[PDB]
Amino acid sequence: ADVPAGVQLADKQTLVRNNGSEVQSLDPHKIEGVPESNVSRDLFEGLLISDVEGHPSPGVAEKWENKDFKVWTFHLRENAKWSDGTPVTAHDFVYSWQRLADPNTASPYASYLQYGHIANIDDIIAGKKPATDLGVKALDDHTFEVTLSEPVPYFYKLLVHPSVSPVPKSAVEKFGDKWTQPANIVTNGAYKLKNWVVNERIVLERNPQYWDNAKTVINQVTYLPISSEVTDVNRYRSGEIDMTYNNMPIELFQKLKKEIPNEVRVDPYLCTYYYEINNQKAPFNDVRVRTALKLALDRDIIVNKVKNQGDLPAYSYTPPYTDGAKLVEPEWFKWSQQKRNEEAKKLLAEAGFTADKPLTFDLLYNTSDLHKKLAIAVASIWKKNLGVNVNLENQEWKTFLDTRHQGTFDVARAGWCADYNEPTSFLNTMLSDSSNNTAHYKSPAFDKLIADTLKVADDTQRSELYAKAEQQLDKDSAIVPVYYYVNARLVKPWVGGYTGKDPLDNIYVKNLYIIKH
């Protein structure tokens, strides 16, 4: 943390953050959500990290070079260490990126190595080549070299993501899936794991072997798993919680803006809220049904009337303000809701649905005050505007993600937040073979469009190809875009170092500090 001159620090440097839910795992190759990555950033550090404003900056790698955007060489700081005091080396990374690539690890983020185009990854994931053929090598203990199959000018931007963080092979090999227990785990970020009580708390303590330890200020941070946004706000205001999770309750937000305006942080965020349709399950495999659901939803009502917390009505998957996004707003989005509804009804009537045999399906969401209130409103709007019946169902976070990966669900409450600020952090996830493709969408036309983006060596042709990829997605009604999130949360006045300038919200507790209060 960089504590400004003249700030007085509290004697006790501890922090309590709400983290939305119980994490799927603390293993960097088994995780894919925000709550998981919030904890992962404090425990495991990759080649690069985001600075306090989000810019890609030195992580274990103090400096790097590239040749033709295809061969990337990372020079690892000599004092990078794990929590047991042993050196962090380039072989840790080799081992780690191979384990991510290996089908037997079954990482939800296996395809991140496809997104960076590391050599031989397609064959590895397909089981045609062993993981040991991946295009990574340790040239020595402090030098990690990555070879891509084509030029990727933004490659280093990917490397702050938890899936490319190192894992300690000895712990992994000796303890299997219990390697992340506190008595076994070994970590290289600013914190170590002190305690983990499922559905109660995760407590982290300063890791004194961290290379940048001298600048770390918070000695302990607790992450909680409260999925009720009302409860999170209540335990913030009672004094227990210093930073809520960044999901705000419909019940209390407007009041909060008026009672504690300086604690209510609202900043740009590269995330989209949408209803993920299971594209492979009838009747959702019919474009007519998907398009009707997409068009009959009334974004104005949801976004400005029922939520009203600053979100923007969405007509795409990639947020329009992603760096490199130059999206074309579909014509359906400028129609009146009235014209949207008629088109929707016409389409379902064409799909074989009638008053007598209406369309009925499930809307699956993760236990939450906010998502339940929004699902209820969506249900009513769909009932009213289109005559479809929806059954609401809530699932705890971890189970919910497994349900979507299993793909027999109907529709699910989804959100995707950028992992790197470039349109393919979103677009790559709808590739037919992406491990992140829970929409279960498979379009050869879509795949081609994206594959072509690295075949050109021009940003304009790339941006136009991302624009067309979003038009293919929309044409197919792969999803139901709802809104583009704003990052809204409560932060106590004594929490210093949280700028809100990072549109990916990659916070590191090593950058924060408690002001004397």
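Take the two forms, find the largest set of C-alpha atoms that superpose within 1.5 Å, and that set is the rigid core. All residue numbers refer to positions in the sequence shown, first residue = 1.
*Asks:* Please pick 167-175 or 342-350, whichever has its Cα atoms farther from the shown form in 9 other deposited structures of this protein after a rigid core fit.
*Replies:* When 167-175 and 342-350 are compared in 9 other deposited structures of this protein, the bigger C-alpha shift is seen for 342-350.
*Asks:* Which of the two stretches, 304-312 versus 323-331, has its Cα atoms farther on average from this form in 9 other deposited structures of this protein when everything is superposed by the rigid core?
*Replies:* It is 323-331 that deviates more in 9 other deposited structures of this protein.
*Asks:* Could you settle it for me: does 297-305 or 365-373 have the higher average Cα B factor in the PDB entry?
*Replies:* Stretch with the greater average CA B-factor: 297-305.
*Asks:* Could you check the entry and say whether 84-92 or 249-257 has the higher mean CA B-factor?
*Replies:* So the stretch with the higher mean C-alpha B-factor is 249-257.
*Asks:* Of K157, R77, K174, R201, which one's C-alpha B factor is largest in the deposited record?
*Replies:* In the PDB entry, the greatest C-alpha B-factor among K157, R77, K174, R201 is found at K174.
*Asks:* Can you pull the Cα B-factors for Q406, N207, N428, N120 from the entry and say which is highest?
*Replies:* The listed residue with the largest C-alpha B-factor is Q406.
*Asks:* For the chain shown, is the CA B-factor of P423 in the lowest, middle or highest third of its modelled residues?
*Replies:* Lowest third.
*Asks:* Using the B-factor values recorded in the entry, state whether the Cα atom of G500 falls in the lowest, middle or highest third among the modelled residues of its chain.
*Replies:* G500: CA B-factor falls in the highest third of its chain.
*Asks:* Ranking the modelled residues of this chain by C-alpha B-factor as given in the entry, is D212 in the lowest, middle or highest third?
*Replies:* Middle third of the chain for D212's C-alpha B-factor.
*Asks:* Could you tell me which third, lowest, middle or highest, the C-alpha B-factor of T399 occupies within its chain?
*Replies:* Ranked within chain, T399 CA B lands in the middle tercile.
*Asks:* Please say which third, lowest, middle or highest, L312 falls into when its CA temperature factor is compared across its chain.
*Replies:* Within its chain, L312 is a highest-third residue by C-alpha B-factor, going by the deposited values.
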